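Student: Chains as they are written, first to last, in the deposited numbering: chain A, 6 to 449; chain B, 6 to 449.
We put the CB at the ideal spot given by N, CA and C, even for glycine.
Protein chains: 2
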Amino acid sequence: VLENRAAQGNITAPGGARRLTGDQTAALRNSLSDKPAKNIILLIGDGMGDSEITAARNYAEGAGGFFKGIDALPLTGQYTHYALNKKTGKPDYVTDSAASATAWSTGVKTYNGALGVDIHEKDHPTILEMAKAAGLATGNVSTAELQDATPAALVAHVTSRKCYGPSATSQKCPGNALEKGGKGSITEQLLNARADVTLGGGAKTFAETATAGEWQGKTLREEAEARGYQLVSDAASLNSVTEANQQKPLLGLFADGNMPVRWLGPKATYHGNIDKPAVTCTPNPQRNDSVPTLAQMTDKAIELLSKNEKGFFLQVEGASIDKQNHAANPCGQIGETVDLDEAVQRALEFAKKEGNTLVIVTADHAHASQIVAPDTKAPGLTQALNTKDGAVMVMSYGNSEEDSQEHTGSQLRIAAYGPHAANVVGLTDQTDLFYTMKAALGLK
Amino acid sequence: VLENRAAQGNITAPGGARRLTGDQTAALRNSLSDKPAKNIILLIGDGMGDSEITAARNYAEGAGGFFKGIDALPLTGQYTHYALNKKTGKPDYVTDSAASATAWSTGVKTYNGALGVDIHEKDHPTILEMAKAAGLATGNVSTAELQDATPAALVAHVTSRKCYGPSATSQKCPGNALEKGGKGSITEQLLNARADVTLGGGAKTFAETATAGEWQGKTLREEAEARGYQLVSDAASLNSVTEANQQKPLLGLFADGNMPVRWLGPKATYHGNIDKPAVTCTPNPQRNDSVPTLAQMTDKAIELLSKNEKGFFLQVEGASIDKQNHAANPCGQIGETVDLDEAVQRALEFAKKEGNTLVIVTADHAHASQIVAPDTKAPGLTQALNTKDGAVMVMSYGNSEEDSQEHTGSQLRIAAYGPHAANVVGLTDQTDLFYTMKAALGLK
Ligand SMILES: [Mg+2]
Ligand SMILES: [Zn+2]
Ligand SMILES: [Zn+2]
Ligand SMILES: [Zn+2]
Ligand SMILES: [Zn+2]
């Protein structure tokens, strides 16, 4: 299980493409622990199936390369992530962002759109919740708006992922409407859960005013204030933070909607690989250096959370890999996958020094992107890219005639490292994750 | 390291969709072994990626089901399979059957179309060739033409996979043309290789006559006989074989071209899931009860080969999963995947009983099929299918406007069971497989 999996030499020569330097049996044995996990970090690469991991590596590190973080986890497996059809209760083979996040955080399958509720619209506790119960610290970082499905699944129990704040809930989730005696909108339930560290975007929703409860009349941000939440808005004030706890919880909103993608590149187009020049991704000028990178947020969050002796549970989401995959933008997608990789490196570094940390990197569901031959005449959107190898790689998006390339139901890679990582091996189900995390922590 | 990975109960209830009944740690620990593997069975599902395995499972077993074979191998990982560009020597991200086949059977990357040769055209010994030299028994069974890329890669070193027999070789691989003093076509080199058990289709090439050497004038089929080969053409005669060895090698040719596929169903069409009704596959009425099945051929081979005291190496190929994926034909593709799974079961059953066998199941490269949502208005070819769940599943084939769908470069699953199976876990390269087997067997 040598943690260096790049090609061993000259890929044109016998044995030069090999990634293994020796027999793993001994090494793997030594990486298998029954011992309890003290902390847990779950990295979700949104829409990061094996094709996205492959394409991003080929570009960033070259075909024979190797992601120091993403590719460095010793225990691997694949898992099913199908959802349920609300009415019939039958499987719906292509899950969305909300139906899936609910399963690893809850342990029960649900219909597309549901956050923290089963098909009967019944609530079930999330793992961030139970953790907090047991005494552990909790954090939730993301590069998308916190109201989005992935960060939200940990804290809200809503009937529709679209009920971000007071305005939308009153009409899409009337039974969750605060005025209707419901727990409140995603943003409200988030502010109630009070995880120790929460970072992402979606500041806009915090501007809506609450309609019931104590803080009626006051915007959600003012409520955050009145409730002891420290609010940071940039890289700067973030490092300025020295503690985050139940009386000093940190809440960082680094963008109105989602944060900006790191790379800029043209959108894939019809016969783009043929009628258009190969592209080389460049950095995104719209992104300011004050907006912290996912790795910075992961780092600070790990820093603040590692003080609680009981341990901690942290969930990091490289949100936009899924975003740009829908947008048919190979460069944005790849940049984002590299970004998550840096994030995982930080996780893996802490995990490695600490010893009792269980790191898990996976995705919520597959997506559109496919790596095809350079001469492909495909019916979808395509584009040619100049990889690190000095070769051309062509990516293809061909499952939607609409403005957005759809998700896919193929099972995808799941990798873990640490205490109890052995349960991530083989075929499992996305729900098993919830049970795997809960027992590694001894959550009950 | 469980053998039952099925959902455990009602998938709508909490933990009902779970596949893990406990903690794999000790189970896996107990499956890690480095003792020498006396035998090796390599089951290759042509173009069978994680999307292909998922669709077939969703269909034949239902979303929460599980393949008694394909899904029961405890050790898992993902491997890359990029090819090389002949001139540049740089990676060619999307390999073909020959380059890939050549990688695992030799340990050296090569350009696409090559069999047994590196990019400089130098021949390198295959794992079958080294097994035979070490005294082991060798078997190569496939559901397609024996001259095809996958089975050929083990017995031939040719510059073009198209060099099937005397003719094609004269004009495409003249340097290999026997007349030009070369080793000969794929068919000719196959008869020279003399593995104890060789089974598949592609008998129409054996009808060509050699141009030189001892058997010039004679058809390759006659040469086969003349050289002491037992010729079986159907199930009955196959089952009748009492022994297969170096003095009594078995040659089974069950079809002119590829053997017939198991299932039938229409080809996917533009907007097929919209304009058309759901499909339900039916068995192929063209398939003569007399044509043996992959599982049957896998079984006999195992029976005849398991007689050599030293041990054996067998390679099995579910050829048409790929051919049907190309042909945008779900029913044929899924059927062929169900077919490989039966053969896998036969392998695993032997493996568990014997206890010193290493069984590996994977694919040469990823393919085109995608599992998309029912209302997907895709730009390519789609089709709706009635799955075991009584739910509807849509499959999309949207990477080519030609009459053929293409392979893809995404890294794909590889699973193993037995001595040295731990060398599959994590990220590895397709060439590493060669080295894993070579070490497992003790080939020098
Ligand atoms: Mg998300
Ligand atoms: Zn998603
Ligand atoms: Zn999405
Ligand atoms: Zn192939
Ligand atoms: Zn093919």
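Please name the residue, chosen from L7/B, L47/B, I45/B, that lies closest to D28/B on a Cα-to-Cα basis.
Tutor: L7/B
Student: Would you kindly report the start and end of the unbroken beta strand (DSSP E) that includes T367/A?
Tutor: 362–367
Student: Under the three-state reduction of DSSP, which class applies to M398/A: helix, strand or coil?
Tutor: strand
Student: Can you name, in chain order, every residue of its own chain whose Cβ lies under 8 Å from the Cβ of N15/B, other than the five neighbours on each side?
Tutor: Around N15/B, the same chain offers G21 as residues with beta carbons nearer than 8 Å, after the five sequence neighbours per side are excluded.
Student: Is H425/B near ligand 5, with its Cβ less than 7 Å from a heavy atom?
Tutor: Answer for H425/B: no, Cβ out of range of ligand 5.
Student: What are the uninterrupted segments assigned as beta strand (DSSP E) that are 3 or more residues long and contained completely in the stretch 288–361 of chain A, given in chain order?
Tutor: 317–323
Student: Apart from the five residues on each side of it in sequence, which residues of its chain come closer than 6 Å, Cβ to Cβ, to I46/A?
Tutor: Counting only Cβ-Cβ distances below 6 Å, and skipping sequence neighbours, we find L319, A352, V364.
Student: Look up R166/A in the DSSP assignment and say whether it is helix, strand or coil.
Tutor: Coil, per DSSP.
Student: By Cβ distance below 7 Å, which residues in the same chain neighbour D97/A in space, the five residues on each side in sequence not counted?
Tutor: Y87, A88, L89, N90, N117
Student: I want to see whether chain A comes within less than 8 Å of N428/B, judged by CB atoms only; does it?
Tutor: Interface annotation, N428/B: in contact with chain A, CB-CB separation under 8 Å.
Student: Assuming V99/A is part of the beta strand (DSSP E), what are its boundary residues?
Tutor: Premise fails: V99/A is in no beta strand (DSSP E) and is neither H nor E.
Student: My assumption, with CB atoms under 8 Å, is that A348/B sits in contact with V377/B. Please give the rounded CB distance.
Tutor: Not a contact, Cβ separation roughly 29 Å.
Student: In chain order, what residues of the stretch 319–350 of chain B put their CB closer than 8 Å to some CB of chain A?
Tutor: Shown here is that no member of the stretch 319–350 of chain B has a Cβ falling below 8 Å from a Cβ of chain A.
Student: Smallest Cα separation from residue 1/A: which of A104/A, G257/A, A273/A?
Tutor: For chain A, the structure presents residues 6 to 449; residue 1/A sits outside this window and is missing.
Student: Exposed or buried, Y275/B, counting other C-beta atoms within 10 Å across all chains shown (16 or more means buried)?
Tutor: When all chains shown are included, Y275/B counts as exposed.
Student: Could you tell me whether the Cβ of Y440/B comes closer than 8 Å to any Cβ of chain A?
Tutor: yes
Student: Can you tell which of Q13/B, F71/B, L33/B has its C-alpha closest to the C-alpha of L25/B?
Tutor: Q13/B
Student: Please find out if some non-hydrogen atom of ligand 7 comes closer than 7 Å to the beta-carbon of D294/B.
Tutor: Among the ligands present in this structure, namely ligand 1, ligand 2, ligand 3, ligand 4 and ligand 5, ligand 7 is not found.
Student: If you draw a straight line from the alpha carbon of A136/B to that of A324/B, how long is it in whole angstroms?
Tutor: 23 Å
Student: Which residue wins for smallest C-alpha separation from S238/B, given the options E354/B, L133/B, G257/B, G360/B?
Tutor: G257/B
Student: Could you tell me which chain A residues have their CB closer than 7 Å to the CB of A378/B, listed as they occur along the chain?
Tutor: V99, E411
Student: State yes or no: is the C-beta of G52/B nearer than 7 Å to some heavy atom of ligand 4?
Tutor: yes
Student: Check for me: the alpha helix (DSSP H) holding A445/A runs from which residue to which?
Tutor: 435–446
Student: Give the interface partners of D394/B over in chain A, defined as CB-CB distance under 8 Å, in chain order.
Tutor: Here the neighbours are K95, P96.
Student: With hydrogens ignored, establish whether the beta-carbon of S374/B is closer than 7 Å to any heavy atom of ligand 5.
Tutor: no
Student: Does any C-beta atom of chain B lie closer than 8 Å to the C-beta of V366/A?
Tutor: no
Student: Just to confirm before moving on: does the CB-CB distance between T342/A and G50/A stay below 8 Å?
Tutor: yes
Student: What residues in its chain sit with their C-beta under 8 Å from that of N244/A, if we drop five residues either side in the sequence?
Tutor: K305
Student: I'd like the list of long-range same chain contacts for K223/B, defined as Cβ closer than 8 Å, with 5 residues on each side in sequence excluded.
Tutor: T214, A215, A231
Student: Quick one: what's got a C-beta closer than 6 Å to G218/B's C-beta in the same chain, skipping five residues either side?
Tutor: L183
Student: In the stretch 103–165 of chain B, which residue ranges form an unbroken alpha helix (DSSP H) of at least 4 residues, counting only runs that do not cross its ends?
Tutor: 132–138, 154–157
Student: Are the stretch 191–209 of chain A and the stretch 170–183 of chain A touching, with three or more C-beta to C-beta distances below 8 Å?
Tutor: Between the stretch 191–209 of chain A and the stretch 170–183 of chain A there are three or more C-beta pairs closer than 8 Å, enough to call the two in contact.
Student: Just reading off the alpha helix (DSSP H) that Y64/B is part of, what are its end residues?
Tutor: 55–65
Student: Which whole-angstrom value describes the C-beta separation of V399/A and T381/A, a residue pair presumed to lie in contact below a C-beta threshold of 8 Å?
Tutor: 6 Å
Student: Is any non-hydrogen atom of ligand 5 found closer than 7 Å to the C-beta of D327/B, if you look at the structure I gave you?
Tutor: yes
Student: Helix, strand or coil: which one does DSSP assign to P424/A?
Tutor: strand
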